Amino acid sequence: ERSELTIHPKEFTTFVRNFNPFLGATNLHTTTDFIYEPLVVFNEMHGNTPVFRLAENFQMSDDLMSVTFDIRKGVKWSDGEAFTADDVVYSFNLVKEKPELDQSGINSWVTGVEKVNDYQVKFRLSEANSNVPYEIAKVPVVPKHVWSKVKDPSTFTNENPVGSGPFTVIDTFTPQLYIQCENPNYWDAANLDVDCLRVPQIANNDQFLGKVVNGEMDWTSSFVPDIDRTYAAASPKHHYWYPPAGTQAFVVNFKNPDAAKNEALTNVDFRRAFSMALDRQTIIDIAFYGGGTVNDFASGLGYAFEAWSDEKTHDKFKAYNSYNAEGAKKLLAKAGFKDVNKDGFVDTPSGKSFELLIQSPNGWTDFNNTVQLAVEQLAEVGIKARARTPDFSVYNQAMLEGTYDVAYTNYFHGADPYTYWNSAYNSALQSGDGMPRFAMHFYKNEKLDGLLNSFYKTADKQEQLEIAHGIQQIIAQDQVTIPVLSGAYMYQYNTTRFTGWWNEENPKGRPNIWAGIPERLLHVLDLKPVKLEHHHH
């Protein structure tokens, strides 16, 4: 009687009812896009082509110091009230007044928002930035007529959401399953053929594997080991498409509170020897079953941005980011990391023993295995390390608070190098209660920040390329992180119950179901239920 699409955007041990789009640490990951539709979805796989949703147009000013957005008329909230400029203006003012709700750093860019009329908003910028409509689209727009009356938006759980997107009705909710049904007032209802999102609680990759192999899922983006043998071979309806994704690296804490570990981690010779100890292709072969590409760029750029790469820089530092056990041992010796207590593990120049604790998230088994391989490879050059696999929130918090030693992490990936470099190295993103982990190495370089903040400042493509080369040089020469590989956008789909999926023959955009992939809105608008085959009673 209704089509239910079973999706898996995020692992949870238990579902807590939270649909606050600003509360990324604690909300459910079907809130953004599916409850709160964006102004615009930029199709990152297709050159950031803008797909207009609740806005029908935007227009930048002469000098890139402002931009105006035109709001689509006739759009209703799920309670029947009108979607207008009022809501956009309020949402941005809310994030400005309460910066712990800024999860992107939008406050650094937008100094003010002004209602031009009921269907146009103007944004004033702190600085010139041709990329700011992209930034603006990241901010959730919530209904002012509801949220302005809310006690405290920063602690509002929003259990009965009023939304603009396709699925706003909470049909069923249990700690282990919830079902999110069609917005009865959805502006783009004629384009939508899925009735409900069905979201089961899955805690880790182990629990996932059993369910996906058994055909219990429709749309997922989890790591699956030996995928051809385990999942694809199980049914002719089991499909996948793994387009290339972003950089993954070992990130070291430059502000480690332990004296010995700080001494090691802040030493560029040590970071380079660490990096040379790793066998990146073996990590890809074993931990990812071949699903990745070696990243031997000291700057972490990766091979998917060859038009952008300064090949002289890449070549200069590539040796430090290539498997070379003997080279690593020789460098540790030259630097003065000498074993002075006969245990085969190097000690710091001041003579102190230490063991690096390397963390990755609990249940992210491909990363867990990567870390364990690295532990073994590090031991072969005399670097003592051991693995920890803390709960994601604990993992995350340790990075935010700077209490970790080394962490393995992936990064956002975009149509140009700025998505990675800015999110991973801009020191402004090292502070703020809404900030993610990505820049939390606490390396700070003012010249680097300056180049990043200038990337979209001139409409001059050659200058922008020179800025990129400058960024690449700084990060490479300082071996700020230890890049390992370029990963994949894991994505599995089931044709048993639905058709219309994006895939290698229909590569319309990033196909993943994770929150933070706004294209998943466009994707679900393409899916159509299948007439089930008849069976007993």
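A residue's number is simply how far along the shown sequence it sits, counting from 1.
57 to 65 and 486 to 494 differ in mean CA B-factor, and the higher of the two is recorded for 57 to 65. Looking at 97 to 105 and 297 to 305 together, the entry lists the larger mean B-factor for 97 to 105, computed on C-alpha atoms. The PDB entry assigns the greatest CA B-factor among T247, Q176, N117, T365 to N117.
The entry assigns its greatest Cα B factor, within the set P361, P143, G165, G382, to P143. In the deposited entry, the Cα temperature factor of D218 places it in the lowest third of its chain's modelled residues. Annotation for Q377: CA B-factor lies in the middle third of the chain's modelled residues.
Per the PDB record, residue ranking by Cα B-factor puts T266 in the middle third of the chain. Annotation for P236: C-alpha temperature factor in the highest third relative to the rest of the modelled chain, per the entry. Ranked by C-alpha B-factor against the other modelled residues of its chain, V251 falls in the lowest third.
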